[PDB]
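Here's the structure we're looking at; comments come further down.
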Amino acid sequence: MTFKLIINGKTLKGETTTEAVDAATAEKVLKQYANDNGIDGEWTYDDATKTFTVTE
């Protein structure tokens, strides 16, 4: 299952995808991708659309 990351950055926006089996499996790599760029804020997750969005 392919996931999609949504980094709603007012100063710097971006996105990335990673192959995973569960929302927790992908979030593990996704959360690291954002954090690596000094990104931190309101982390949200959707089970219906299966997409993650972070409102900085």
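The chains in the structure tokens are called A, B, ... from first to last as shown; in each chain the residues are counted from 1, and the ligands are counted from 1 in the order shown.
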
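In the backbone-derived DSSP annotation, strand (DSSP E or B) within chain A comprises residues 2, 3, 4, 5, 6, 7, 8, 14, 15, 16, 17, 18, 19, 42, 43, 44, 45, 51, 52, 53, 54 and 55 of chain A.
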
Contacts of region 29-37 of chain A within 10 Å, only C-alpha atoms, excl. fewer than 6 positions in-chain, as a PyMOL selection string: chain A and resi 3-7+12+14-20+43+52+54

Those same residues, written as a PDB file, in the first residue's frame with N, CA and C atoms?
ATOM      1  N   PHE A   3       1.571   5.179   0.433  1.00  0.00           N
ATOM      2  CA  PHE A   3       1.056   6.291   1.222  1.00  0.00           C
ATOM      3  C   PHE A   3       1.557   7.624   0.676  1.00  0.00           C
ATOM      4  N   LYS A   4       0.893   8.706   1.069  1.00  0.00           N
ATOM      5  CA  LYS A   4       1.269  10.042   0.621  1.00  0.00           C
ATOM      6  C   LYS A   4       1.413  10.992   1.804  1.00  0.00           C
ATOM      7  N   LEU A   5       2.529  11.713   1.845  1.00  0.00           N
ATOM      8  CA  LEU A   5       2.789  12.660   2.923  1.00  0.00           C
ATOM      9  C   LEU A   5       2.469  14.086   2.484  1.00  0.00           C
ATOM     10  N   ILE A   6       1.804  14.833   3.357  1.00  0.00           N
ATOM     11  CA  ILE A   6       1.441  16.214   3.061  1.00  0.00           C
ATOM     12  C   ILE A   6       1.999  17.168   4.112  1.00  0.00           C
ATOM     13  N   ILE A   7       3.049  17.894   3.745  1.00  0.00           N
ATOM     14  CA  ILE A   7       3.676  18.844   4.655  1.00  0.00           C
ATOM     15  C   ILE A   7       3.215  20.269   4.363  1.00  0.00           C
ATOM     16  N   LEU A  12       7.756  26.499   3.704  1.00  0.00           N
ATOM     17  CA  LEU A  12       8.280  25.472   2.811  1.00  0.00           C
ATOM     18  C   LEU A  12       7.370  24.247   2.794  1.00  0.00           C
ATOM     19  N   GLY A  14       5.993  20.541   0.943  1.00  0.00           N
ATOM     20  CA  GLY A  14       6.556  19.397   0.248  1.00  0.00           C
ATOM     21  C   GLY A  14       5.684  18.163   0.361  1.00  0.00           C
ATOM     22  N   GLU A  15       6.152  17.056  -0.208  1.00  0.00           N
ATOM     23  CA  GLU A  15       5.404  15.805  -0.170  1.00  0.00           C
ATOM     24  C   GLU A  15       6.305  14.622  -0.516  1.00  0.00           C
ATOM     25  N   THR A  16       5.971  13.454   0.021  1.00  0.00           N
ATOM     26  CA  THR A  16       6.748  12.247  -0.228  1.00  0.00           C
ATOM     27  C   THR A  16       5.905  10.995  -0.015  1.00  0.00           C
ATOM     28  N   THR A  17       6.254   9.924  -0.723  1.00  0.00           N
ATOM     29  CA  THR A  17       5.527   8.666  -0.612  1.00  0.00           C
ATOM     30  C   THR A  17       6.464   7.522  -0.236  1.00  0.00           C
ATOM     31  N   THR A  18       5.936   6.550   0.502  1.00  0.00           N
ATOM     32  CA  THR A  18       6.725   5.401   0.928  1.00  0.00           C
ATOM     33  C   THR A  18       5.861   4.150   1.033  1.00  0.00           C
ATOM     34  N   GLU A  19       6.397   3.025   0.568  1.00  0.00           N
ATOM     35  CA  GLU A  19       5.673   1.761   0.609  1.00  0.00           C
ATOM     36  C   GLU A  19       5.587   1.230   2.038  1.00  0.00           C
ATOM     37  N   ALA A  20       4.375   0.888   2.463  1.00  0.00           N
ATOM     38  CA  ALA A  20       4.156   0.367   3.807  1.00  0.00           C
ATOM     39  C   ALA A  20       2.938  -0.551   3.847  1.00  0.00           C
ATOM     40  N   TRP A  43       0.231  17.163  13.569  1.00  0.00           N
ATOM     41  CA  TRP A  43       0.279  15.949  12.763  1.00  0.00           C
ATOM     42  C   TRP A  43      -1.081  15.261  12.733  1.00  0.00           C
ATOM     43  N   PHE A  52      -1.566  11.390   5.151  1.00  0.00           N
ATOM     44  CA  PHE A  52      -1.092  12.130   6.315  1.00  0.00           C
ATOM     45  C   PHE A  52      -0.842  13.594   5.965  1.00  0.00           C
ATOM     46  N   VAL A  54       0.405  17.421   7.756  1.00  0.00           N
ATOM     47  CA  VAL A  54       0.959  18.146   8.894  1.00  0.00           C
ATOM     48  C   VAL A  54       0.801  19.652   8.715  1.00  0.00           C
TER      49      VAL A  54
END

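What separates CA of residue 25 (chain A) from CA of residue 2 (chain A) is a distance of 10.9 Å.
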
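Secondary structure of region 1-55 of chain A, alpha helix (DSSP H) only (DSSP, backbone atoms): residues 23, 24, 25, 26, 27, 28, 29, 30, 31, 32, 33, 34 and 35 of chain A.
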
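Note that CA of residue 56 (chain A) and CA of residue 9 (chain A) are 5.3 Å apart.
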
Selected residue, from A:21, A:55, A:27, A:10, that lies nearest to residue 41 (chain A) when counting only C-alpha atoms: A:55
